[PDB]
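Below is one structure, written out as structure tokens, with a few remarks after it.
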Amino acid sequence: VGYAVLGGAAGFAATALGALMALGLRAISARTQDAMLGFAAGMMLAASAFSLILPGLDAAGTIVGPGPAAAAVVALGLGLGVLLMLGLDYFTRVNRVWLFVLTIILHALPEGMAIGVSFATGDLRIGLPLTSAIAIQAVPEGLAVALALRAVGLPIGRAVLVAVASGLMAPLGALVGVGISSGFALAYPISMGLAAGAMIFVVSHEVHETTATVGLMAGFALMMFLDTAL
């Protein structure tokens, strides 16, 4: 649980840094924003593929067996996660700003949850790549969040403040992750699949298409590297 708390803290720190760069930038081009959001989306997609689905398939493979029951566990967890983020996306001037904040929070939930779930078995080979990747994507997402809050009408100070506070969803999401992943033996792969599907829904809601494609591939590739090296 401690390593997951440190991971969520790294998420909030990265989001805070990216948010603080907006104090100096104030505004950015559409190509830069699309490239950053595509980069983060690719990092999150490949993070769902290689850092959540597959390690959960291995864990359920050692808990249940090599048969299709493990893939059934992970897959059902994934469907439950997609259904969860779908329900959250359905059931939910200054009001528009609040809606933007809510969208940011629901975006940042499955990533903290991904950290906490990934640090359930204590394996650094599972948690470290996903956590580091979530910080690396969290910097441009903090920047884009602050700049987007400034473009809608908030001063750059208020926007950076709301962005830094939006980074607090990663630690809370991590506590939820270790909460749902440490109940029983099957809770770990089910939670891996759940976080994977939740993040796939979020990035599906987050995906000048050429530039965004350059970022998407650029950090899908980055991400495969992080999973291979760590």
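As shown in the structure tokens, the chain order sets the letters A, B, ...; within each chain, residues go from 1, and ligands are also counted from 1 in the order they appear.
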Do a neighbour search on residue 21 (chain A) at 9 Å with only C-alpha atoms, toss out local chain neighbours closer than 4 positions, and write the hits as a count of residues only. 8
Residue 100 (chain A) surroundings by only C-alpha atoms, 12 Å radius, close-in-sequence under 4 positions cut, as a short mmCIF file (atom, residue, chain, number, x, y, z; two decimals) with C-alpha atoms, in the first residue's frame:
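The result, written out as selection07.cif:
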data_model
loop_
_atom_site.label_atom_id
_atom_site.label_comp_id
_atom_site.auth_asym_id
_atom_site.auth_seq_id
_atom_site.Cartn_x
_atom_site.Cartn_y
_atom_site.Cartn_z
CA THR A 92 -22.97 13.10 -14.59
CA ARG A 93 -20.75 29.54 -17.52
CA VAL A 94 -19.33 28.54 -14.13
CA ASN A 95 -21.40 25.37 -14.46
CA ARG A 96 -19.51 24.54 -17.66
CA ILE A 104 -10.90 15.80 -15.61
CA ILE A 105 -11.62 13.92 -12.38
CA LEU A 106 -13.23 10.96 -14.15
CA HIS A 107 -10.25 10.94 -16.51
CA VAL A 145 -5.60 20.79 -18.24
CA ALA A 146 -4.34 24.12 -16.92
CA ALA A 148 -7.70 24.40 -21.21
CA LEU A 149 -9.06 25.80 -17.95
CA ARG A 150 -7.46 29.14 -18.84
CA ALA A 151 -8.90 29.12 -22.36
CA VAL A 152 -12.46 28.67 -21.06
CA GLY A 153 -12.27 31.85 -18.99
CA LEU A 154 -10.27 31.21 -15.83
CA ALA A 159 -6.52 27.43 -13.75
CA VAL A 162 -7.59 23.80 -10.21
CA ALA A 163 -5.19 21.66 -12.25
CA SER A 166 -7.14 17.85 -10.09
#
For residue 32 (chain A), which of A:113, A:147, A:165, A:222 is the closest residue, counting only C-alpha atoms? A:147
Just to confirm, what's the straight-line distance from CA of residue 39 (chain A) to CA of residue 13 (chain A) in Å (one decimal)?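 Distance between the two atoms: 18.8 Å.
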Closest-contact table, region 76-155 of chain A side, partner region 53-71 of chain A, 12 Å, counting only C-alpha atoms, as a Markdown table:
| residue | atom | partner | partner_atom | distance |
| --- | --- | --- | --- | --- |
| A:76 | CA | A:71 | CA | 8.3 |
| A:77 | CA | A:71 | CA | 9.7 |
| A:78 | CA | A:53 | CA | 8.4 |
| A:79 | CA | A:53 | CA | 11.9 |
| A:114 | CA | A:53 | CA | 10.8 |
| A:117 | CA | A:56 | CA | 10.0 |
| A:118 | CA | A:55 | CA | 8.9 |
| A:119 | CA | A:55 | CA | 11.6 |
| A:120 | CA | A:56 | CA | 11.1 |
| A:121 | CA | A:59 | CA | 9.2 |
| A:123 | CA | A:55 | CA | 10.4 |
| A:124 | CA | A:55 | CA | 12.0 |
| A:125 | CA | A:55 | CA | 9.7 |
| A:126 | CA | A:55 | CA | 7.2 |
| A:127 | CA | A:55 | CA | 10.2 |
| A:129 | CA | A:55 | CA | 11.9 |
| A:130 | CA | A:55 | CA | 11.3 |
Could you please take those selected residues and save C-alpha atoms as an mmCIF file, in the first residue's frame?
data_model
loop_
_atom_site.group_PDB
_atom_site.id
_atom_site.type_symbol
_atom_site.label_atom_id
_atom_site.label_comp_id
_atom_site.auth_asym_id
_atom_site.auth_seq_id
_atom_site.Cartn_x
_atom_site.Cartn_y
_atom_site.Cartn_z
ATOM 1 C CA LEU A 76 -15.114 -9.812 -16.995
ATOM 2 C CA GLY A 77 -13.208 -7.328 -14.849
ATOM 3 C CA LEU A 78 -12.518 -5.256 -17.961
ATOM 4 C CA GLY A 79 -16.191 -5.240 -18.922
ATOM 5 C CA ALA A 114 -4.310 1.580 -12.208
ATOM 6 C CA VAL A 117 -4.116 -2.050 -8.416
ATOM 7 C CA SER A 118 -0.722 -2.507 -10.086
ATOM 8 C CA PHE A 119 1.009 -2.279 -6.682
ATOM 9 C CA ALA A 120 -1.227 -4.919 -5.069
ATOM 10 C CA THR A 121 1.093 -7.941 -5.312
ATOM 11 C CA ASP A 123 5.828 -6.629 -7.779
ATOM 12 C CA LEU A 124 7.890 -3.627 -8.875
ATOM 13 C CA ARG A 125 8.096 -5.110 -12.383
ATOM 14 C CA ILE A 126 4.338 -4.453 -12.676
ATOM 15 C CA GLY A 127 3.836 -1.221 -10.737
ATOM 16 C CA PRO A 129 6.526 0.845 -15.443
ATOM 17 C CA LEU A 130 2.853 1.796 -15.211
#
Selected residue, from A:223, A:135, A:229, A:36, that lies nearest to residue 167 (chain A) when counting only C-alpha atoms: A:135
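Each of A:5, A:20, A:30, A:161 was compared to residue 112 (chain A) using only C-alpha atoms, and A:5 turns out to be the nearest.
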Write out as JSON, numbers by chain which residues come within 9 Å of region 169-171 of chain A when counting only C-alpha atoms, dropping same-chain ones fewer than 4 positions away. {"A": [4, 5, 6, 7, 8, 9, 10, 11, 12, 105, 106, 108, 109, 110, 111, 112, 113, 115, 116, 165, 175, 176]}
With distances taken over only C-alpha atoms, which of A:190, A:49, A:221, A:144 is nearest to residue 28 (chain A)? A:144
So, counting only C-alpha atoms, which residue among A:43, A:136, A:156, A:203 is closest to residue 22 (chain A)? A:156
With distances taken over only C-alpha atoms, which of A:24, A:122, A:38, A:193 is nearest to residue 210 (chain A)?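 When distances to residue 210 (chain A) are compared using only C-alpha atoms, the smallest one comes from A:38.
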Using CA of residue 215 (chain A) and CA of residue 33 (chain A) as the two end points, give the distance in Å to one decimal.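 Between CA of residue 215 (chain A) and CA of residue 33 (chain A) the gap works out to 10.1 Å.
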